[PDB]
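**Q** Have a look at this one.
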Amino acid sequence: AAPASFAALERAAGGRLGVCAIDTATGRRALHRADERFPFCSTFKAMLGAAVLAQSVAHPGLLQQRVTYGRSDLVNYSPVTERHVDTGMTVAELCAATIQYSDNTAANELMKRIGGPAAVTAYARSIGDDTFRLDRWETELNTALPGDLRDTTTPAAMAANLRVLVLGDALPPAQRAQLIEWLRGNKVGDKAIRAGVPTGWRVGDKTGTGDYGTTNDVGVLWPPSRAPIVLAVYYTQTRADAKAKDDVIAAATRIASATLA
């Protein structure tokens, strides 16, 4: 009954689905529109966290630096930063808030510190990603307009980034461990990739949502007795009034897992 392929799922759900899944042992892939651009929405916060950690290699005091912001700096959906207007937060605390809870002000404050959307894009280029482009700030970067190139990447490009960042040597070991810790601690993605993997699998991931019913999730999956799988899922719909489909990512995850079994 449930669609059994990425193409069948895309037909059943409507809209446009993009998947890149990599079995890091065999190199086998599960792919659908893997080289098409999608609005990445909050999945970029994985790259933002990596960019902050990379700057912390030359400036090891960066994570400790205290950032003070005001009421008028708050943007929509700031569940952690709205509690610390008076005290400020450290750069590390902002990274944790933006990756684990997808806190939006936290992302904007981190970007102010490190050089804005251009700095995240430059970091992407530095790890071999010529595709990723971050152009705007929260929450405008989630407008997800059909055809718009702003704030997009491809499933394949993001999957390649996750592979080198989590399982490769793009970051030194301490920063690599920190990025993995933050991704494993996603608290707001229970219905996405995490709902579509078999029990016993461990997940580190970053979700995203936006306008045009956009729902994304990217991460690394550790099965109990097998090499990890890198998985990037992007999904967006045709109408501005579209509602998020909170089950499409989990369905795509089941299909990717079956293909790579």
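All residue names refer to the structure tokens as shown: chains lettered A, B, ... in order, residues numbered from 1 in each chain, ligands numbered from 1 in order.
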Do you know which residues are at most 9 Å from residue A:240 counting only C-alpha atoms, after dropping those on the same chain fewer than 4 positions away, and could you put them as a PyMOL selection string?
**A** chain A and resi 145+211-213
**Q** Let's have the selection written as a compact mmCIF listing (two decimals), in the first residue's frame, with C-alpha atoms.
**A**
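The resulting file, part13.txt, is shown below:
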# COMPACT_ATOMS: atom_id res chain seq x y z
CA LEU A 145 9.86 30.12 -3.50
CA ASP A 211 7.02 27.89 3.24
CA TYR A 212 5.49 25.97 0.30
CA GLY A 213 5.11 23.07 2.71
**Q** What's around stretch 8-19 of chain A at 6 Å? Count only C-alpha atoms, leave out sequence neighbours fewer than 3 positions away in its own chain, and write the answer as a ChimeraX atom specification.
**A** /A:3,5,31-34,155,232-238
**Q** Please build the interface table for stretch 96-172 of chain A against stretch 49-61 of chain A with a cut-off of 10 Å, listing for each qualifying residue the nearest atom pair and the distance in Å to one decimal; count only C-alpha atoms, order rows by chain and increasing number, and write it as CSV.
**A**
residue,atom,partner,partner_atom,distance
A:96,CA,A:49,CA,8.5
A:98,CA,A:49,CA,8.3
A:99,CA,A:49,CA,7.4
A:107,CA,A:49,CA,8.9
A:110,CA,A:52,CA,7.7
A:111,CA,A:52,CA,8.7
A:113,CA,A:52,CA,9.1
A:114,CA,A:52,CA,7.0
A:119,CA,A:51,CA,7.9
A:120,CA,A:51,CA,6.2
A:121,CA,A:51,CA,9.2
A:122,CA,A:51,CA,9.0
A:123,CA,A:51,CA,5.9
A:124,CA,A:51,CA,8.1
A:126,CA,A:51,CA,9.8
A:161,CA,A:50,CA,9.9
A:162,CA,A:50,CA,9.9
A:165,CA,A:50,CA,7.7
A:166,CA,A:50,CA,9.9
A:170,CA,A:54,CA,8.7
A:171,CA,A:54,CA,6.6
A:172,CA,A:57,CA,8.0
**Q** Apply DSSP to the backbone of this structure and, from stretch 6-227 of chain A, keep only the residues in strand (DSSP E or B); write these as a PyMOL selection string.
**A** chain A and resi 16-23+29-32+38-39+66-67+89-90+133+152-153+202-210+214-222
**Q** Please measure the separation of atom CA of residue A:259 and atom CA of residue A:7, giving the value in Å to one decimal.
**A**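 Straight-line distance from atom CA of residue A:259 to atom CA of residue A:7 works out to 13.3 Å.
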**Q** To one decimal place in Å, what is the distance between atom CA of residue A:227 and atom CA of residue A:23?
**A**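 Interatomic distance, atom CA of residue A:227 to atom CA of residue A:23: 7.2 Å.
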**Q** Run DSSP on the backbone and give me the residues of stretch 20-245 of chain A it puts in alpha helix (DSSP H), as number ranges by chain.
**A** A: 44-58, 91-100, 104-114, 116-126, 155-162, 173-184, 193-196
**Q** Please write the residues from the selection above to a file, keeping C-alpha atoms, as a PDB file, in the first residue's frame.
**A**
ATOM      1  CA  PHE A  44      21.878  24.853   6.860  1.00  0.00           C
ATOM      2  CA  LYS A  45      22.388  25.117  10.623  1.00  0.00           C
ATOM      3  CA  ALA A  46      24.512  21.957  10.377  1.00  0.00           C
ATOM      4  CA  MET A  47      26.837  23.934   8.085  1.00  0.00           C
ATOM      5  CA  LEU A  48      26.653  26.984  10.332  1.00  0.00           C
ATOM      6  CA  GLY A  49      27.743  24.911  13.319  1.00  0.00           C
ATOM      7  CA  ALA A  50      30.566  23.426  11.267  1.00  0.00           C
ATOM      8  CA  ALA A  51      31.654  26.914  10.151  1.00  0.00           C
ATOM      9  CA  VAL A  52      31.743  28.171  13.747  1.00  0.00           C
ATOM     10  CA  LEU A  53      33.746  25.140  14.838  1.00  0.00           C
ATOM     11  CA  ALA A  54      36.168  25.642  11.943  1.00  0.00           C
ATOM     12  CA  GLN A  55      36.794  29.255  12.979  1.00  0.00           C
ATOM     13  CA  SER A  56      37.391  27.976  16.519  1.00  0.00           C
ATOM     14  CA  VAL A  57      40.488  26.073  15.354  1.00  0.00           C
ATOM     15  CA  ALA A  58      42.488  29.275  14.846  1.00  0.00           C
ATOM     16  CA  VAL A  91      28.805  30.988  21.121  1.00  0.00           C
ATOM     17  CA  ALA A  92      28.800  27.298  22.115  1.00  0.00           C
ATOM     18  CA  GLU A  93      25.397  27.697  23.781  1.00  0.00           C
ATOM     19  CA  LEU A  94      24.081  29.361  20.620  1.00  0.00           C
ATOM     20  CA  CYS A  95      25.387  26.477  18.487  1.00  0.00           C
ATOM     21  CA  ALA A  96      23.646  23.958  20.726  1.00  0.00           C
ATOM     22  CA  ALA A  97      20.403  25.942  20.626  1.00  0.00           C
ATOM     23  CA  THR A  98      20.384  26.324  16.859  1.00  0.00           C
ATOM     24  CA  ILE A  99      21.263  22.677  16.067  1.00  0.00           C
ATOM     25  CA  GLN A 100      19.305  20.909  18.822  1.00  0.00           C
ATOM     26  CA  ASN A 104      16.343  31.034  14.802  1.00  0.00           C
ATOM     27  CA  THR A 105      17.785  34.014  16.696  1.00  0.00           C
ATOM     28  CA  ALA A 106      20.677  31.757  17.701  1.00  0.00           C
ATOM     29  CA  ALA A 107      21.510  31.218  14.018  1.00  0.00           C
ATOM     30  CA  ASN A 108      21.340  34.937  13.244  1.00  0.00           C
ATOM     31  CA  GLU A 109      23.544  35.794  16.229  1.00  0.00           C
ATOM     32  CA  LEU A 110      26.131  33.194  15.216  1.00  0.00           C
ATOM     33  CA  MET A 111      26.132  34.548  11.670  1.00  0.00           C
ATOM     34  CA  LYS A 112      26.619  38.118  12.909  1.00  0.00           C
ATOM     35  CA  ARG A 113      29.667  36.916  14.821  1.00  0.00           C
ATOM     36  CA  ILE A 114      31.353  34.973  12.009  1.00  0.00           C
ATOM     37  CA  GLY A 116      27.012  36.418   7.817  1.00  0.00           C
ATOM     38  CA  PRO A 117      25.549  34.316   5.006  1.00  0.00           C
ATOM     39  CA  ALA A 118      28.669  34.948   2.914  1.00  0.00           C
ATOM     40  CA  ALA A 119      30.854  33.356   5.607  1.00  0.00           C
ATOM     41  CA  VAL A 120      28.775  30.169   5.700  1.00  0.00           C
ATOM     42  CA  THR A 121      28.883  29.968   1.911  1.00  0.00           C
ATOM     43  CA  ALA A 122      32.656  30.499   1.953  1.00  0.00           C
ATOM     44  CA  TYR A 123      33.005  27.709   4.505  1.00  0.00           C
ATOM     45  CA  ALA A 124      30.995  25.390   2.238  1.00  0.00           C
ATOM     46  CA  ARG A 125      33.376  26.171  -0.629  1.00  0.00           C
ATOM     47  CA  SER A 126      36.297  25.368   1.669  1.00  0.00           C
ATOM     48  CA  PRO A 155      20.747  16.519  -1.653  1.00  0.00           C
ATOM     49  CA  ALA A 156      24.023  15.145  -3.052  1.00  0.00           C
ATOM     50  CA  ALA A 157      26.041  18.222  -2.042  1.00  0.00           C
ATOM     51  CA  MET A 158      24.719  18.201   1.524  1.00  0.00           C
ATOM     52  CA  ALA A 159      25.245  14.452   1.843  1.00  0.00           C
ATOM     53  CA  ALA A 160      28.855  14.883   0.709  1.00  0.00           C
ATOM     54  CA  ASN A 161      29.307  17.604   3.333  1.00  0.00           C
ATOM     55  CA  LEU A 162      27.922  15.423   6.122  1.00  0.00           C
ATOM     56  CA  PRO A 173      38.853  15.470  16.135  1.00  0.00           C
ATOM     57  CA  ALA A 174      37.602  17.652  19.011  1.00  0.00           C
ATOM     58  CA  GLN A 175      35.446  19.830  16.749  1.00  0.00           C
ATOM     59  CA  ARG A 176      34.277  16.773  14.789  1.00  0.00           C
ATOM     60  CA  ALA A 177      33.146  15.159  18.034  1.00  0.00           C
ATOM     61  CA  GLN A 178      31.307  18.345  19.000  1.00  0.00           C
ATOM     62  CA  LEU A 179      29.407  18.571  15.718  1.00  0.00           C
ATOM     63  CA  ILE A 180      28.362  14.916  16.040  1.00  0.00           C
ATOM     64  CA  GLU A 181      27.200  15.527  19.617  1.00  0.00           C
ATOM     65  CA  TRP A 182      25.014  18.460  18.561  1.00  0.00           C
ATOM     66  CA  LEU A 183      23.506  16.527  15.629  1.00  0.00           C
ATOM     67  CA  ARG A 184      22.794  13.472  17.783  1.00  0.00           C
ATOM     68  CA  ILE A 193      14.381  10.540   9.723  1.00  0.00           C
ATOM     69  CA  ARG A 194      14.185   9.236  13.301  1.00  0.00           C
ATOM     70  CA  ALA A 195      10.682   7.870  12.677  1.00  0.00           C
ATOM     71  CA  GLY A 196      11.795   6.015   9.551  1.00  0.00           C
TER      72      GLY A 196
END
**Q** Report, in Å with one decimal, the straight-line distance from atom CA of residue A:252 to atom CA of residue A:129.
**A** 24.1 Å
**Q** Pick the closest to residue A:223 from A:90, A:72, A:257, A:209: which is it, counting only C-alpha atoms?
**A**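 Counting only C-alpha atoms, the residue closest to residue A:223 is A:257.
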**Q** If you count only C-alpha atoms, which residues fall within 12 Å of residue A:226, apart from same-chain ones fewer than 2 positions away, as a PyMOL selection string?
**A** chain A and resi 23-26+200-202+221-224+228-229+260-261
**Q** Those selected residues, please, written with N, CA, C and O atoms and delivered as a PDB file, in the first residue's frame.
**A**
ATOM      1  N   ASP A  23      25.654   4.501   1.398  1.00  0.00           N
ATOM      2  CA  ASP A  23      26.196   3.468   2.278  1.00  0.00           C
ATOM      3  C   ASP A  23      27.709   3.640   2.289  1.00  0.00           C
ATOM      4  O   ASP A  23      28.367   3.418   1.271  1.00  0.00           O
ATOM      5  N   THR A  24      28.266   4.067   3.426  1.00  0.00           N
ATOM      6  CA  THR A  24      29.685   4.413   3.428  1.00  0.00           C
ATOM      7  C   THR A  24      30.600   3.192   3.369  1.00  0.00           C
ATOM      8  O   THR A  24      31.804   3.363   3.162  1.00  0.00           O
ATOM      9  N   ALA A  25      30.068   1.981   3.539  1.00  0.00           N
ATOM     10  CA  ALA A  25      30.882   0.779   3.366  1.00  0.00           C
ATOM     11  C   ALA A  25      31.021   0.400   1.897  1.00  0.00           C
ATOM     12  O   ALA A  25      32.132   0.159   1.412  1.00  0.00           O
ATOM     13  N   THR A  26      29.899   0.314   1.182  1.00  0.00           N
ATOM     14  CA  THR A  26      29.901  -0.169  -0.192  1.00  0.00           C
ATOM     15  C   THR A  26      29.948   0.947  -1.224  1.00  0.00           C
ATOM     16  O   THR A  26      30.377   0.704  -2.359  1.00  0.00           O
ATOM     17  N   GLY A 200      17.031   0.630  17.183  1.00  0.00           N
ATOM     18  CA  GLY A 200      18.427   0.337  17.404  1.00  0.00           C
ATOM     19  C   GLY A 200      19.388   1.189  16.602  1.00  0.00           C
ATOM     20  O   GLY A 200      20.566   1.279  16.967  1.00  0.00           O
ATOM     21  N   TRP A 201      18.930   1.797  15.510  1.00  0.00           N
ATOM     22  CA  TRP A 201      19.773   2.715  14.758  1.00  0.00           C
ATOM     23  C   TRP A 201      19.951   4.011  15.533  1.00  0.00           C
ATOM     24  O   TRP A 201      19.019   4.496  16.182  1.00  0.00           O
ATOM     25  N   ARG A 202      21.153   4.569  15.473  1.00  0.00           N
ATOM     26  CA  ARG A 202      21.438   5.870  16.060  1.00  0.00           C
ATOM     27  C   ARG A 202      21.470   6.926  14.962  1.00  0.00           C
ATOM     28  O   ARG A 202      21.927   6.659  13.845  1.00  0.00           O
ATOM     29  N   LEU A 221      23.284   8.066   9.855  1.00  0.00           N
ATOM     30  CA  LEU A 221      22.585   6.971  10.518  1.00  0.00           C
ATOM     31  C   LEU A 221      23.570   5.853  10.806  1.00  0.00           C
ATOM     32  O   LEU A 221      24.277   5.400   9.898  1.00  0.00           O
ATOM     33  N   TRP A 222      23.592   5.390  12.057  1.00  0.00           N
ATOM     34  CA  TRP A 222      24.481   4.305  12.464  1.00  0.00           C
ATOM     35  C   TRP A 222      23.680   3.043  12.769  1.00  0.00           C
ATOM     36  O   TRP A 222      23.107   2.921  13.865  1.00  0.00           O
ATOM     37  N   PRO A 223      23.612   2.083  11.851  1.00  0.00           N
ATOM     38  CA  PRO A 223      22.986   0.792  12.163  1.00  0.00           C
ATOM     39  C   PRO A 223      23.862  -0.006  13.113  1.00  0.00           C
ATOM     40  O   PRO A 223      25.070   0.252  13.219  1.00  0.00           O
ATOM     41  N   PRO A 224      23.287  -0.983  13.828  1.00  0.00           N
ATOM     42  CA  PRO A 224      24.037  -1.622  14.930  1.00  0.00           C
ATOM     43  C   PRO A 224      25.295  -2.378  14.519  1.00  0.00           C
ATOM     44  O   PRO A 224      26.285  -2.341  15.262  1.00  0.00           O
ATOM     45  N   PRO A 228      28.011   3.344   8.785  1.00  0.00           N
ATOM     46  CA  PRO A 228      26.954   4.357   8.779  1.00  0.00           C
ATOM     47  C   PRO A 228      26.483   4.699   7.373  1.00  0.00           C
ATOM     48  O   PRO A 228      27.172   4.492   6.371  1.00  0.00           O
ATOM     49  N   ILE A 229      25.261   5.217   7.326  1.00  0.00           N
ATOM     50  CA  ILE A 229      24.624   5.680   6.099  1.00  0.00           C
ATOM     51  C   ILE A 229      24.451   7.188   6.209  1.00  0.00           C
ATOM     52  O   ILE A 229      23.946   7.678   7.223  1.00  0.00           O
ATOM     53  N   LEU A 260      19.370   0.160   0.691  1.00  0.00           N
ATOM     54  CA  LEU A 260      20.734  -0.024   1.164  1.00  0.00           C
ATOM     55  C   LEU A 260      20.869  -1.171   2.160  1.00  0.00           C
ATOM     56  O   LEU A 260      21.931  -1.314   2.777  1.00  0.00           O
ATOM     57  N   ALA A 261      19.843  -2.011   2.298  1.00  0.00           N
ATOM     58  CA  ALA A 261      19.867  -3.086   3.288  1.00  0.00           C
ATOM     59  C   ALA A 261      20.913  -4.148   2.958  1.00  0.00           C
ATOM     60  O   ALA A 261      21.293  -4.355   1.802  1.00  0.00           O
TER      61      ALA A 261
END
